[PDB]
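Below: one structure, written as structure tokens.
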Protein chains: 2
Amino acid sequence: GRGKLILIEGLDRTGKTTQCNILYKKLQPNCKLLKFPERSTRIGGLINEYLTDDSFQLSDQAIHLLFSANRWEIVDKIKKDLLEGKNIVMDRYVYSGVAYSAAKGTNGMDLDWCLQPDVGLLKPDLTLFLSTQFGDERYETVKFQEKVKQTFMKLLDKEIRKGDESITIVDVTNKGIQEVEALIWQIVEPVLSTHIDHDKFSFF
Amino acid sequence: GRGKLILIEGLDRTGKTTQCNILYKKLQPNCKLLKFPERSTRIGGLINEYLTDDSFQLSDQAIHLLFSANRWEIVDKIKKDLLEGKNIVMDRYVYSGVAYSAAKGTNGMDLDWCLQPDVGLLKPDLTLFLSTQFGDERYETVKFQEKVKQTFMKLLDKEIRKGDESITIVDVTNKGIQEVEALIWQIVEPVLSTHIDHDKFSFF
Ligand SMILES: Cc1cn([C@H]2C[C@H](O)[C@@H](COP(=O)(O)O)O2)c(=O)[nH]c1=O
Ligand SMILES: Cc1cn([C@H]2C[C@H](O)[C@@H](COP(=O)(O)O)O2)c(=O)[nH]c1=O
């Protein structure tokens, strides 16, 4: 049927990016790799400066909105690809959007507020969250990272309790690259061999 | 007490900018004038390209979120100004954001979706909508302006029916510059004479 939207989520330095690349290479020639934030766009370059230069000042709400816009500027391309039968592997998406922003404890920016901008976006057919039991970018400090992880856990916990079965949390503690690759492949293979009709999609 | 947040909304070319300028000129030396979109910022600049050039492609949802972000990157300064006693005259704000986007009739982009990103933003102490019974920028097409008009009315009617008494629709059809100014002042002046507690603020 139509291609699958596979998302791999997780904290900065958990092997997420390495695993997306591996999966991507494995699903060739019919697979695309998408990273968020997509820094090559005009909006993305703004997010880059924000991430890499602590001096670039931008309120939490604003940067948050830029991250959402960055997905919205690409979602049409994503859908077109899936419909044309192409699998897509995403390195970060809505869940990072909500978790990293909500972890800051800024007045008004709760899970609910953080999610709204992304409401309407395609939801992945499969989301894997890599969990482990630098300092180059803004959000890279041990204390914030611990904060984002509890937030990710809290958010994914709600979605799962709310009946979302497409979310699988994967513990990568003391697991090497190819061991993680095998666990992932275990969850991923079954969905790739599931037929999804072209008019069938889920949205946030 | 604190300064007042006075907002002038309306369609393109309905006298809005002239009145804002007039009011700002008369509230001196204690008044700031703020325009949205505020095109001087990095985000403001992307908005400017979108508005002045068709080549610039950006999904309706993405441009919408930038508009919102543009307000959020400036809102902390607006609050600082008001707390410091200065009055603020605004030329467009949250109401334009919702109406112009919701007027597109894009799927999932209804009044509610369009409002979410702005939730939390300080609501003005007084919002005047200049109503009437070019083509150099993107939304300046008679047929689109017509849709935006109807959307603006449905939007303001809802906020009014909810009990927001700070919204005033001023009909300026065939009225001159000095007449509109007098009508605006009749509504504005009572509000400027009202003492507002440093801590009291309303929000979207
Ligand atoms: C996709 C996305 C990323 N992030 C953060 C996660 C990272 O700390 C930062 C850079 O991510 P990266 O290392 O995957 O490029 O972006 C958000 O805060 N919001 C989002 O919506
Ligand atoms: C502030 C704002 C304006 N607009 C549109 C209305 C105007 O047609 C366009 C440019 O405004 P301007 O002529 O007042 O500078 O911006 C939105 O679409 N949403 C917003 O958030």
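Please note: Cβ atoms are built from the backbone with ideal geometry, for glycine as well, and neighbour counts cover all protein chains shown. Every read-out reported here was derived from the displayed coordinates using simple, explicitly stated rules and does not represent laboratory data.
Figures for the structure shown
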quantity: Residues within the stretch B:172-200 that are in contact with a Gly (Cβ under 9 Å, 6 or more places away or on another chain), of a type in the set (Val, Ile, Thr) and surrounded by fewer than 10 Cβ atoms within 10 Å (Cβ to Cβ), tallied; calculated: 0
quantity: Which listed residue, of A:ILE169, A:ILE196, A:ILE184, A:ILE160, is of a type in the set (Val, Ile, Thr) and part of a loop (DSSP other than H, G, I, E, B); calculated: A:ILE196
quantity: Identity of the residue in the stretch A:18-30, crowded, with 16+ Cβ neighbours inside 10 Å and over 20 Å from A:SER131 (Cα atoms), that ends up nearest to ligand 2 (Cβ to nearest atom); calculated: A:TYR24
quantity: Qualifying residue in the stretch A:10-17 (condition: surrounded by 17 or more Cβ atoms within 10 Å (Cβ to Cβ), touching a helix residue (DSSP H, G or I) at 6+ places or on another chain (Cβ under 6 Å) and closer than 22 Å to A:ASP199 by Cα); calculated: no
quantity: Flag for B:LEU33 being away from chain A (no Cβ under 11 Å), more than 12 Å from ligand 2 (Cβ to nearest atom), of a type outside the set (D, E, K, R) and in contact with a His (Cβ under 9 Å, 6 or more places away or on another chain); calculated: no
quantity: Among (1) more than 30 Å from A:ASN107 (Cβ to Cβ); (2) of a type outside the set (D, E, K, R); (3) buried (at least 17 other Cβ atoms within 10 Å of the Cβ); (4) in contact with a strand residue (DSSP E or B) (Cβ under 9 Å, 6 or more places away or on another chain), the one test that B:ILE167 misses; calculated: (1)
quantity: Residue within the stretch B:89-96 that is surrounded by 22 or more Cβ atoms within 10 Å (Cβ to Cβ) and within 16 Å of ligand 1 (Cβ to nearest atom) present; calculated: no
quantity: Residue match in the stretch A:122-133 (condition: of a type outside the set (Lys, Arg), within 20 Å of B:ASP110 (Cα to Cα) and outside any helix (DSSP H, G or I)); calculated: yes
quantity: Unmet requirement for A:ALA69, which otherwise passes all of (1) more than 16 Å from ligand 2 (Cβ to nearest atom); (2) of a type in the set (A, V, I, L, M, F, W, C); (3) within 12 Å of chain B (Cβ to nearest Cβ); calculated: (1)
quantity: Residue tally, condition closer than 12 Å to A:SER101 by Cα and away from ligand 1 (no atom under 11 Å from the Cβ), over the stretch A:137-148; calculated: 1
quantity: Those residues of the stretch B:93-117 which are under 28 Å from B:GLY3 (Cβ atoms) and either part of a loop (DSSP other than H, G, I, E, B) or under 12 Å from the mean Cα position of the chain (by Cα) (or both), in sequence order; calculated: B:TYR93, B:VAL94, B:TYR95, B:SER96, B:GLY97, B:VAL98, B:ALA99, B:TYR100
quantity: Test: residue in the stretch B:76-88 that is in a strand (DSSP E or B), surrounded by 18 or more Cβ atoms within 10 Å (Cβ to Cβ) and away from chain A (no Cβ under 14 Å); calculated: yes
quantity: Some residue of the stretch A:12-23 being among the hydroxyl-bearing types (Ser, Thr, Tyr), in a helix (DSSP H, G or I) and away from chain B (no Cβ under 14 Å); calculated: yes
quantity: Given (1) more than 18 Å from the chain's Cα centre (by Cα); (2) within 9 Å of chain B (Cβ to nearest Cβ); (3) among the acidic types (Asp, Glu); (4) surrounded by fewer than 16 Cβ atoms within 10 Å (Cβ to Cβ), number of the condition A:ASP53 does not satisfy; calculated: (2)
quantity: Filter pass, A:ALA62 being within 18 Å of the chain's Cα centre (by Cα) and part of a helix (DSSP H, G or I); calculated: no
